[PDB]
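Structure, as structure tokens:
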Protein chains: 2
Amino acid sequence: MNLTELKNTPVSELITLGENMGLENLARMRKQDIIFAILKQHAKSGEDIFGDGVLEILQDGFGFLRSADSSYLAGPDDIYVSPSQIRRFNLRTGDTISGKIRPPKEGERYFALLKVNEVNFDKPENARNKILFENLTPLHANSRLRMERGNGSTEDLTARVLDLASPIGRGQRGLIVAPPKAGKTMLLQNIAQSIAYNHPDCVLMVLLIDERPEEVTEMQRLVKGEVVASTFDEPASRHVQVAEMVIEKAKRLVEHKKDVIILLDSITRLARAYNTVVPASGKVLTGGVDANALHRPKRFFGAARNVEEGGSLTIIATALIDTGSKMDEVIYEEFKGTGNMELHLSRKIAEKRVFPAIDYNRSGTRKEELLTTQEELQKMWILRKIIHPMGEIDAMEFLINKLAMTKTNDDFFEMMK
Amino acid sequence: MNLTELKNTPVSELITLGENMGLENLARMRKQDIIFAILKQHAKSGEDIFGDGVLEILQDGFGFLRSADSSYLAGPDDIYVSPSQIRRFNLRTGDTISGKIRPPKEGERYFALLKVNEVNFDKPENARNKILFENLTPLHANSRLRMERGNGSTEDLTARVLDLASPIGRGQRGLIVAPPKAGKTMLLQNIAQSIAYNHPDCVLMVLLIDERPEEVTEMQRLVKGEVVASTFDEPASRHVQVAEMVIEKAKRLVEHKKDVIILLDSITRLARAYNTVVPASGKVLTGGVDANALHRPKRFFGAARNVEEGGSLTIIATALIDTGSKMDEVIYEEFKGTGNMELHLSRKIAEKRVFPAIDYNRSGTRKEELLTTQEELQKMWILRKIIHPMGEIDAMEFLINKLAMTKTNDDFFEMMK
Ligand SMILES: Nc1ncnc2c1ncn2[C@@H]1O[C@H](COP(=O)(O)OP(=O)(O)O)[C@@H](O)[C@H]1O
Ligand SMILES: Nc1ncnc2c1ncn2[C@@H]1O[C@H](COP(=O)(O)OP(=O)(O)O)[C@@H](O)[C@H]1O
Ligand code: BEF
Ligand code: BEF
Ligand SMILES: [Mg+2]
Ligand SMILES: [Mg+2]
């Protein structure tokens with residue numbers, strides 16, 4: 001008796017099971033209400049019920065166990081968590097809790113937690129003694145997260161160009177700067193697919209705030225990982241809540257020496273949401289940005305770091321420029337002094353239908369020698385010195401024509417000499 | 001005895017009928033008052049009266065049935081809908097209701113609804129069980145909505161250029177960016193005529209907010225569809241109300257697997273209206289735009305989506321640029337990074353009296369391979385690569401001179417090779 005197991009079951013089988021259990025007509029009923037009635041009827045027989053979810057401690061002291069399939073939205077099937085148990089096990093926002101639950105009695109509206117069985121997918125004896133995320137020693141990117149497929153596919157050209165322009169390692173904090181209508185969607189899809197193919201052990205999390213739902217359901221059915229999104233039909237409060245829950249879960253996972261990867265596509269939208277939810281202080285800067293509005297996105301971005309004791313946190317955010325709004329322009333670069341990695345995309349190259357439209361000149365990675373060998377770094381330096389004199393479109397055409405001849409970049413580097 | 005039937009009748013016949021029924025002199029009376037008196041006299045004999053309209057639920061709990069011929073304006077002949085029936089049939093704003101009505105008794109001012117016969121042009125048993133619009137899975141444009149006439153007319157050149165620049169499919173969410181005095185009116189008229197000619201099965205709705213009455217009555221007598229407009233003589237409150245009613249009706253139609261097409265021509269004017277009706281919060285951004293003013297137009301624009309279960313919603317809005325106001329430059333923009341189709345028009349080409357004055361270079365459609373075949377996409381790519389080096393005016397002249405030689409674009413593509 002698990003909550004996620006009943007959530008994954010279809011509607012027809014749940015209706016059939018409820019009709020066999022002998023309850024009210026479930027055809028004219030919601031799936032969540034059907035599951036609730038089935039759990040009630042199964043607990044009336046004396047059997048136990050189990051559930052799971054991410055903890056969201058409220059300001060009063062209690063909390064609930066949000067579900068991932070609903071993008072951490074407030075649902076009727078949330079499991080209550082009393083503050084007594086929180087105080088007894090030192091629980092915090094983001095801790096994954098899995099234990100026995102019971103249906104609400106007369107006068108209650110949510111399931112109660114009796115005994116916790118597993119904390120953060122581990123024993124509670126290992127979670128009671130742990131080092132906080134704020135005390136971990138940061139470090140630079142040491143492990144190399146190669147994005148090249150290696151299967152010789154035609155779509156691998158984007159990953160090869162990305163590796164030649166800006167290699168990505170564990171704990172990297174980069175930025176994907178690109179004007180609208182440049183190809184950010186396809187680039188993010190390719191990055192997510194390459195991460196899921198090359199490094200399936202890492203925890204991939206794609207955050208899409210204030211996006212077109214069709215794109216949400218497309219990304220959810222395309223990438224092999226977790227997708228937490230919030231369409232534009234929701235207020236900025238839900239955006240802030242989802243961002244907080246995601247970053248808290250990422251911190252709790254990193255605290256257990258896990259490799260978390262967050263592919264953010266709405267850093268600008270997140271900053272707009274934070275500027276909308278912040279109370280007015282009577283002081284407005286140039287472009288309509290509050291003085292204390294960028295602090296929360298600043299911390300959300302700076303949360304990414306590489307841990308020496310174990311694990312890492314990678315955050316790749318895509319910033320929006322040339323959107324016609326001065327607020328986004330002020331945000332983007334305020335954040336430019338940030339992202340230890342900038343991958344610029346050119347609109348002029350995208351208009352020529354030359355995919356990918358990557359600005360190789362302004363791209364780059366700091367401390368790239370820690371992720372590449374000596375000969376590889378020398379070859380990349382020679383390639384950059386050869387590409388720099390040529391124009392952007394000409395350099396992109398040259399790179400595409402030279403990478404189409406071979407499958408691996410090593411052969412291209414060997415033929416360049 | 002139908003309301004719309006009496007509304008379509010002329011004034012002279014209604015006056016004659018009222019004089020034959022033996023009532024007060026109807027020559028010095030309004031047509032609506034004449035219809036009201038005729039309905040009263042016909043109901044005094046014991047016969048039944050029927051009406052219809054779009055439901056507009058008020059904040060208190062009751063509602064009225066607005067009429068389409070009055071642009072959903074508050075009229076004396078609105079049918080009152082009690083909240084009891086709303087609670088009994090789960091009615092919402094936008095549901096088309098058609099049932100028996102009765103004249104108001106002593107102390108009443110509006111017609112009452114006794115029994116509902118048809119809901120959303122369908123049986124109530126099919127409307128009681130339905131999936132909300134917020135739960136439908138979005139998708140990209142799959143079905144091709146070809147705009148080419150095919151009759152070899154001289155006006156078909158605009159549709160041919162539009163198809164070669166940006167093909168339109170079901171569920172598309174585009175933008176027509178053009179400075180003033182460019183030819184937006186003729187272009188919108190041609191688009192509406194091509195939609196009514198090629199795809200007469202789709203529900204066409206043209207929304208004109210804050211425009212001149214002459215243009216309104218011109219569009220109403222030119223296109224073959226529904227025209228809901230609101231001239232500048234009305235406050236922004238009526239603009240917001242009309243936009244809400246139109247989008248709610250569109251959502252209710254899409255919920256019944258219908259293909260709705262909305263040709264918006266005032267996205268900038270709608271954003272200005274929303275910025276005017278929003279209460280001041282003491283925080284003004286660059287250009288005079290409120291922080292929470294663009295949220296409602298953002299949702300109105302993002303409502304457009306393609307449904308996998310059935311139906312679609314297409315919204316083609318025309319944004320205004322270079323109007324001398326910085327608010328529109330932020331308002332029209334901020335919207336640039338939202339849609340997935342931009343059809344730019346050049347003022348320099350319009351000054352040369354070269355119609356249509358379309359910027360073929362900056363135009364385009366994302367995921368265009370889902371609406372065109374392989375050979376068609378290759379021919380469009382070759383045409384774009386040939387047109388790109390030439391200047392805007394030169395490319396437009398070349399395209400016009402090459403399309404004037406033949407009737408179909410297939411012959412032009414075959415002759416280009
Ligand atoms: N690698 C690519 N190959 C082919 N087309 C692409 C590629 N990247 C982008 N595009 C085209 O650009 C359009 C928009 O790209 P997108 O990633 O949505 O840009 P952004 O996210 O910056 O708005 C897509 O619909 C696609 O047709
Ligand atoms: N396809 C066309 N053919 C001929 N003239 C046009 C065409 N499109 C626009 N025009 C001219 O431009 C004028 C204004 O066009 P309009 O569509 O009103 O531009 P906008 O809507 O951008 O203000 C029209 O009065 C018309 O004379
Ligand atoms: F319009 Be893109 F997604 F920035
Ligand atoms: F003056 Be146009 F209608 F933008
Ligand atoms: Mg995008
Ligand atoms: Mg116009």
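Ordered as shown in the structure tokens, chains take letters A, B, and onward, while each chain numbers its residues from 1 and ligands are numbered from 1 in the order shown.
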Shell around segment 181-190 of chain A at 7 Å using only C-alpha atoms, local window under 4 positions removed, as a ChimeraX atom specification: /A:194,345,347,350
Could you find all residues in segment 147-299 of chain B that DSSP calls helix (DSSP H, G or I) from the backbone, and write them as JSON, numbers by chain? {"B": [156, 157, 158, 159, 160, 161, 162, 163, 164, 165, 184, 185, 186, 187, 188, 189, 190, 191, 192, 193, 194, 195, 196, 197, 198, 213, 214, 215, 216, 217, 218, 219, 220, 236, 237, 238, 239, 240, 241, 242, 243, 244, 245, 246, 247, 248, 249, 250, 251, 252, 253, 254, 267, 268, 269, 270, 271, 272, 273, 274, 275, 276, 277, 295, 296, 297, 298, 299]}
Compute the set of protein, DNA and RNA residues whose minimum atom distance to ligand 5 is at most 12 Å, using only C-alpha atoms and all ligand atoms, and state it as a CSV table (one decimal) with N, CA and C atoms, in the first residue's frame.
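Output saved as selection.csv:
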```
chain,number,residue,atom,x,y,z
A,176,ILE,N,23.7,30.4,-19.7
A,176,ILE,CA,23.4,30.2,-21.1
A,176,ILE,C,22.7,31.5,-21.6
A,177,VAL,N,23.5,32.5,-22.0
A,177,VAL,CA,23.0,33.8,-22.5
A,177,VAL,C,22.6,33.7,-24.0
A,178,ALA,N,21.4,34.0,-24.3
A,178,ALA,CA,20.9,33.9,-25.6
A,178,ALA,C,19.7,34.8,-25.8
A,179,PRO,N,19.6,35.5,-26.9
A,179,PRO,CA,18.3,36.3,-27.1
A,179,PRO,C,17.2,35.3,-27.5
A,180,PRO,N,15.9,35.8,-27.4
A,180,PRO,CA,14.8,34.9,-27.8
A,180,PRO,C,14.9,34.4,-29.2
A,181,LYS,N,14.2,33.3,-29.5
A,181,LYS,CA,14.1,32.7,-30.8
A,181,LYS,C,15.5,32.4,-31.3
A,182,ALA,N,16.3,31.8,-30.5
A,182,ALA,CA,17.7,31.4,-30.8
A,182,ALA,C,17.9,29.9,-30.9
A,183,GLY,N,17.1,29.1,-30.2
A,183,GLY,CA,17.3,27.7,-30.1
A,183,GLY,C,17.6,27.2,-28.8
A,184,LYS,N,17.2,27.9,-27.7
A,184,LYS,CA,17.5,27.5,-26.4
A,184,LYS,C,16.8,26.2,-26.0
A,185,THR,N,15.6,25.9,-26.6
A,185,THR,CA,14.8,24.7,-26.2
A,185,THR,C,15.6,23.5,-26.7
A,186,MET,N,15.9,23.5,-28.0
A,186,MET,CA,16.7,22.3,-28.6
A,186,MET,C,18.0,22.1,-27.9
A,187,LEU,N,18.7,23.2,-27.6
A,187,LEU,CA,20.0,23.1,-26.9
A,187,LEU,C,19.8,22.5,-25.5
A,188,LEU,N,18.8,22.9,-24.8
A,188,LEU,CA,18.6,22.3,-23.5
A,188,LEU,C,18.2,20.9,-23.6
A,189,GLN,N,17.3,20.5,-24.6
A,189,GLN,CA,17.0,19.1,-24.8
A,189,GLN,C,18.2,18.3,-25.1
A,208,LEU,N,11.5,24.4,-14.9
A,208,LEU,CA,10.9,25.3,-15.9
A,208,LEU,C,9.8,26.2,-15.3
A,209,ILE,N,10.2,27.4,-15.0
A,209,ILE,CA,9.3,28.4,-14.3
A,209,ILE,C,8.7,29.4,-15.3
A,210,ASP,N,7.4,29.6,-15.3
A,210,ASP,CA,6.7,30.5,-16.2
A,210,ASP,C,6.9,30.2,-17.6
A,211,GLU,N,6.6,29.0,-18.0
A,211,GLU,CA,6.8,28.5,-19.4
A,211,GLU,C,5.5,28.1,-20.0
A,212,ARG,N,5.5,27.9,-21.3
A,212,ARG,CA,4.2,27.4,-22.0
A,212,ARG,C,4.0,25.9,-21.7
A,215,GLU,N,5.3,23.1,-23.8
A,215,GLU,CA,6.7,22.9,-23.6
A,215,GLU,C,6.9,22.1,-22.4
A,216,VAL,N,6.1,22.3,-21.3
A,216,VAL,CA,6.3,21.5,-20.1
A,216,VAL,C,6.0,20.0,-20.4
A,219,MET,N,8.9,18.5,-22.5
A,219,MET,CA,10.1,18.2,-21.8
A,219,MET,C,9.9,17.1,-20.8
A,264,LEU,N,18.3,25.0,-15.1
A,264,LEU,CA,17.3,26.1,-15.0
A,264,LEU,C,17.2,26.8,-16.3
A,265,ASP,N,16.0,27.1,-16.7
A,265,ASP,CA,15.7,27.8,-17.9
A,265,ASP,C,14.9,29.1,-17.7
A,266,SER,N,14.8,29.6,-16.5
A,266,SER,CA,14.0,30.7,-16.2
A,266,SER,C,14.6,31.6,-15.1
A,267,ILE,N,15.9,31.8,-15.1
A,267,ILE,CA,16.6,32.6,-14.1
A,267,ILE,C,16.0,34.0,-14.1
A,268,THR,N,15.8,34.5,-15.4
A,268,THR,CA,15.2,35.8,-15.5
A,268,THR,C,13.8,35.9,-15.0
A,269,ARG,N,13.0,34.8,-15.4
A,269,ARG,CA,11.6,34.7,-14.9
A,269,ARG,C,11.6,34.6,-13.4
A,317,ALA,N,21.8,27.9,-15.7
A,317,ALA,CA,20.7,28.8,-15.9
A,317,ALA,C,20.8,29.4,-17.3
A,318,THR,N,19.7,29.6,-17.9
A,318,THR,CA,19.7,30.3,-19.2
A,318,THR,C,19.1,31.7,-19.0
A,319,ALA,N,19.9,32.7,-19.3
A,319,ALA,CA,19.5,34.1,-19.1
A,319,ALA,C,18.9,34.7,-20.4
A,320,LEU,N,18.0,35.6,-20.3
A,320,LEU,CA,17.3,36.2,-21.4
A,320,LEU,C,17.9,37.6,-21.6
A,321,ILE,N,18.2,37.9,-22.9
A,321,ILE,CA,18.7,39.3,-23.2
A,321,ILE,C,18.0,39.7,-24.5
B,336,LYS,N,8.1,39.7,-26.6
B,336,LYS,CA,8.9,39.1,-27.7
B,336,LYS,C,9.4,37.7,-27.4
B,337,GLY,N,9.9,37.5,-26.2
B,337,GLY,CA,10.5,36.2,-25.7
B,337,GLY,C,9.4,35.3,-25.3
B,338,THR,N,8.1,35.5,-25.6
B,338,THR,CA,7.0,34.7,-25.1
B,338,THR,C,6.5,33.8,-26.2
B,339,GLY,N,6.1,34.4,-27.4
B,339,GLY,CA,5.6,33.6,-28.5
B,339,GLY,C,6.6,32.8,-29.2
B,340,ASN,N,6.1,32.1,-30.3
B,340,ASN,CA,7.0,31.3,-31.1
B,340,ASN,C,6.9,31.6,-32.6
B,366,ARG,N,9.3,28.4,-35.5
B,366,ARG,CA,10.0,27.3,-34.8
B,366,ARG,C,9.3,26.0,-35.0
```
Please indicate the distance in Å from atom CA of residue 132 of chain A to atom CA of residue 255 of chain A, rounded to one decimal place. 6.7 Å
Wanna dump the chain B-chain A contacts at 8 Å for me, each residue with its shortest atom pair and the distance in Å to one decimal, counting only C-alpha atoms, ordered by chain and number, as a tab-separated table?
```
residue	atom	partner	partner_atom	distance
B:129	CA	A:28	CA	7.7
B:137	CA	A:217	CA	6.6
B:138	CA	A:214	CA	3.6
B:139	CA	A:214	CA	4.6
B:140	CA	A:214	CA	6.6
B:281	CA	A:280	CA	7.7
B:282	CA	A:282	CA	6.9
B:283	CA	A:280	CA	6.6
B:284	CA	A:288	CA	6.6
B:285	CA	A:288	CA	3.8
B:286	CA	A:287	CA	4.9
B:291	CA	A:276	CA	6.3
B:292	CA	A:276	CA	7.1
B:298	CA	A:232	CA	7.6
B:299	CA	A:233	CA	6.0
B:302	CA	A:212	CA	6.5
B:305	CA	A:214	CA	6.8
B:306	CA	A:214	CA	7.5
B:329	CA	A:324	CA	6.6
B:330	CA	A:325	CA	5.2
B:333	CA	A:324	CA	4.8
B:334	CA	A:325	CA	5.6
B:335	CA	A:323	CA	7.8
B:336	CA	A:323	CA	6.1
B:337	CA	A:180	CA	5.0
B:340	CA	A:181	CA	7.3
B:361	CA	A:351	CA	7.3
B:362	CA	A:351	CA	6.9
B:366	CA	A:181	CA	7.9
B:381	CA	A:353	CA	7.8
B:384	CA	A:352	CA	7.9
B:385	CA	A:352	CA	7.1
B:388	CA	A:352	CA	7.6
```
Give me every strand (DSSP E) residue in segment 336-417 of chain A, going by DSSP on the backbone, as a PDB file with N, CA, C and O atoms, in the first residue's frame.
```pdb
ATOM      1  N   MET A 341      30.975  30.746 -16.221  1.00  0.00           N
ATOM      2  CA  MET A 341      30.865  30.125 -17.538  1.00  0.00           C
ATOM      3  C   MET A 341      29.757  30.822 -18.304  1.00  0.00           C
ATOM      4  O   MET A 341      28.624  30.901 -17.817  1.00  0.00           O
ATOM      5  N   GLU A 342      30.075  31.326 -19.494  1.00  0.00           N
ATOM      6  CA  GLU A 342      29.109  32.000 -20.347  1.00  0.00           C
ATOM      7  C   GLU A 342      29.127  31.357 -21.726  1.00  0.00           C
ATOM      8  O   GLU A 342      30.175  31.315 -22.379  1.00  0.00           O
ATOM      9  N   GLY A 364      33.629  30.332 -23.236  1.00  0.00           N
ATOM     10  CA  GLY A 364      34.839  29.951 -22.535  1.00  0.00           C
ATOM     11  C   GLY A 364      34.531  29.497 -21.124  1.00  0.00           C
ATOM     12  O   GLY A 364      33.431  29.672 -20.607  1.00  0.00           O
ATOM     13  N   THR A 365      35.543  28.900 -20.501  1.00  0.00           N
ATOM     14  CA  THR A 365      35.448  28.400 -19.137  1.00  0.00           C
ATOM     15  C   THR A 365      36.716  28.752 -18.376  1.00  0.00           C
ATOM     16  O   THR A 365      37.823  28.563 -18.880  1.00  0.00           O
TER      17      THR A 365
END
```
